[PDB]
Amino acid sequence: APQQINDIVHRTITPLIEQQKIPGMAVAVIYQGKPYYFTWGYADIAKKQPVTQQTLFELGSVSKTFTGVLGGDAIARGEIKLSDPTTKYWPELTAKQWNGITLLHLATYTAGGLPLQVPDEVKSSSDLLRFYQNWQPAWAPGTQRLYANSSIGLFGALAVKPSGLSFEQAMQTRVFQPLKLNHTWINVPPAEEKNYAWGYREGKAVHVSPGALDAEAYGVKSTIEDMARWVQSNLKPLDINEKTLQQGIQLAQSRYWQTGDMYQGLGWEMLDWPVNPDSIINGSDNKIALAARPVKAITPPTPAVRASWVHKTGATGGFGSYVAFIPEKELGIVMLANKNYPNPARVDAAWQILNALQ
Ligand SMILES: CC1(C)[C@@]2(C(=O)O)CC[C@]1(C)C(=O)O2
């Protein structure tokens, strides 16, 4: 590898691993459009299995970027519109608070206070209907952003209804397969179990538990190679031959709402480049990222801006991930770890690396 990349990656990641006690880690840097890979430590401590370029990590909420793009693809196919009422695709949602809540609101956490988590007691489909029917908004639609699995998760499930495909089938056929993400899974197959890292929480080996709308909100697993390819695909979507998938990528990086210095896309979040590192680092802390904040509508949405810092944090009980890229520079990074360690540490490391390479 170029020594500049080797040196800034190792100078940044070595102390991070030490400070955070991360058992295993994979990093991809995309520099001038090409990937460079780095791995450390253990996928499975007990079985002494090292992290490799083939190791699967739980992406947690980085999964929302796949959901957002799959939704964008469905819009491009003419199957849904973001201006459609939620009830167009779920007619049984008859409670009056749903009047005026559109797919846009669900996709962008602006429906009026849908909760961060779907309650664990929601198992069946009828449980899910009851939950949404009984939910009471704190705010009018399109006025406050509150990051929520129950919001974008419902968007993903509704976005695929006109296709007749399951969410998983739609994601496989329409996103994973055309992009050759052949080691990226909503459900890890038996053939791939040998590569599935354990997560570590309080020293115990853990994997994500089943939950309602899990695939849509936090349920993808992938390797550092496929995640580097996901970044490449979102860095330069014009190179994508499938017209609707190209368009869906563009739609997911369009700017729909602004709060502070950040813009909400579909799954992706964006800031103008050059960014203030304090903004992305401090902003990534859950004290801000999960807080209820007023939003300004961007009417109409701004098309995807090439000079952007485009990014997403995500975690599960045992994993912590981050992806960031700057389309204008063909520059990006993926950081996958099998410990959930604080967001600002991820973003600080990513900025030190990308800032040095810019
Ligand atoms: C969004 C979260 C905080 C997390 C994340 O940090 O991505 C971890 C639990 C959670 C509700 C979820 O589903 O993912």
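Its PDB header attributes the entry to X-ray crystallography and lists the resolution as 1.430 Å.

The chain is annotated in the PDB entry as Beta-lactamase of Escherichia coli. In the PDB, the structure is listed with the title "Crystal structure of AmpC beta-lactamase in complex with fragment 16 ((1R,4S)-4,7,7-trimethyl-3-oxo-2-oxabicyclo[2.2.1]heptane-1-carboxylic acid)". UniProt's Function (literature references left out) comment on the chain is quoted here verbatim: "Class C beta-lactamase which confers resistance to penicillins and cephalosporins. Has benzylpenicillin- and cephaloridine-hydrolyzing activity. Has weak cefuroxime, cefotaxime, cefoxitin and oxacillin-hydrolyzing activities." Within the UniProt record for the chain, the comment given under Sequence similarities is "Belongs to the class-C beta-lactamase family."

Moving on, we get to the overall build of the chain. Summing up its helical and strand segments, the chain has twelve helices and 16 strands in all. Its C-alpha atoms give the chain a radius of gyration of 19 Å, within 12% of the compact-globule value 21 Å for 358 residues. Dimensions of the chain, computed from the C-alpha atoms along their principal axes, are close to 60 × 40 × 40 Å.

Quick look at the layout of surface pockets now. Estimated volume of the second largest pocket: approximately 370 Å³. The wall of the second largest pocket is formed by 18 residues, among which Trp90, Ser125, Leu128, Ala157 and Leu213 lie closest to the centre. Residue assignment for the lining of the second largest pocket shows that the elements contributing at least two residues are helix 4 (125-134), helix 5 (149-159) and helix 7 (214-217).

With that out of the way, let us pick up unusual backbone geometry. Residue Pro274 is reached from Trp273 by a cis peptide bond, and omega for that bond is 5°. Along the chain, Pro274 falls in the loop between strand 11 (269-272) and helix 10 (277-284). For the bond running from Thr299 to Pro300, omega is 0°, close enough to zero to count as cis. Its identity is not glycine, yet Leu213 carries a phi of approximately 60°, on the positive side.

In this section: the site of the ligand. Surrounding the ligand, one finds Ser61, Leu116, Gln117, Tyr147, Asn149, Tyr218, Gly314 and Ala315. The side chain of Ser61 places a nitrogen or oxygen atom 2.7 Å from an oxygen atom of the ligand. The separation between an oxygen atom of the ligand and a polar side-chain atom of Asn149 is 3.0 Å. When isolated, the ligand has an accessible area of 330 Å², and the protein chains bury 76% of it. Among the residues forming the shell around the ligand, the class breakdown is four nonpolar, four polar and no charged.

Let us now look at the packing of aromatic side chains. Two numbers describe a pair of aromatic rings. These are the distance of the centres and the angle of the planes. Using the criterion set out here, one finds eleven aromatic pairs in the structure. The interplanar angle of 25° and the centroid separation of 6.4 Å between the aromatic rings of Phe38 and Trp40 together place this pair among those described as stacked. Looking at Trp40, the relative accessible area reads 15%, which means it is buried. Ring geometry for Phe57 versus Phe319: centroids 6.1 Å apart, planes at 85°, classification edge-to-face. With a gap of 262 residues between them, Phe57 in strand 4 (residues 57-58) and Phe319 in the loop between strand 14 (308-315) and strand 15 (320-326) connect regions that are remote in the sequence.

Moving on, we get to the UniProt feature "active site" in the chain. Per the UniProt record, the feature "active site" sits at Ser61. Within the secondary structure, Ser61 is located in the loop between strand 4 and helix 2 (63-76). Classification of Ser61 as buried rests on a relative accessible area of 11%. With sequence-adjacent residues up to four places away left out, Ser61 is seen in contact with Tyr147, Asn149, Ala217, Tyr218, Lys312, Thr313, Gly314 and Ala315.

We now examine the environment of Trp309. Locating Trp309 in the fold gives a position in strand 14. For the pair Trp309 and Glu269, spaced 40 residues apart in the sequence, the C-alpha separation amounts to 8.4 Å. At 3.2 Å, the side chain of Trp309 and the side chain of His311 are in polar contact.

Turning next to the pairing of strand 2 (residues 34-44). Where strand 1 (residues 24-31) lies against strand 2, eight bridges are found, and the strand directions are antiparallel. From the neighbouring strand, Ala26 faces strand 2, where its bridge partner is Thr39. If you look at the hairpin formed by strand 1 and strand 2, you'll find two residues sitting between the two strands, and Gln32 has a positive phi there, around 50°. Note that strand 2 and strand 3 (residues 49-50) share two bridges and pair antiparallel. Bridge assignment links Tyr42 to a residue of strand 3, and that residue is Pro50. Where strand 2 folds back onto strand 3 in an antiparallel hairpin, the turn is made up of four residues, including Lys48, whose phi is positive at roughly 55°.

Definitions and cut-offs
- Residues numbered from 1 in each chain as written, not as in the entry; some residues may be left out.
- Heavy atoms only, no water.
- Residues with missing side-chain atoms left out of burial classes, pairs and counts.
- UniProt positions renumbered as here; feature names shortened; annotations may be inferred.
- Helix = DSSP H or I, 4+ residues; strand = E, 2+ residues; numbered from the N terminus.
- Rg over C-alpha atoms; globule rule 2.2 N^0.38 Å.
- 1 Å grid on protein atoms, 1.4 Å probe; cavity = no way out; pocket = protein on both sides within 12 Å on 5 of 7 lines; lining within 4 Å.
- Points joined across faces, edges and corners; volume = space filled by probe spheres on them.
- Near = heavy atom within 4 Å.
- Polar contact = N/O pair within 3.5 Å; in protein donor to acceptor, adjacent residues only side chain to side chain.
- Areas by Shrake-Rupley, 256 points an atom, 1.4 Å probe, with all protein chains shown as cover.
- Nonpolar A, V, L, I, M, F, W, Y, C, P; charged D, E, K, R; others polar.
- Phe/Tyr/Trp six-rings, centres within 6.5 Å; stacked < 30°, edge-to-face > 60°.
- Buried < 20%, exposed > 50% of the residue type's maximum accessible area, 1.4 Å probe, protein only.
- Contact = heavy atoms within 4.5 Å.
- Pairing = 2+ DSSP bridges.

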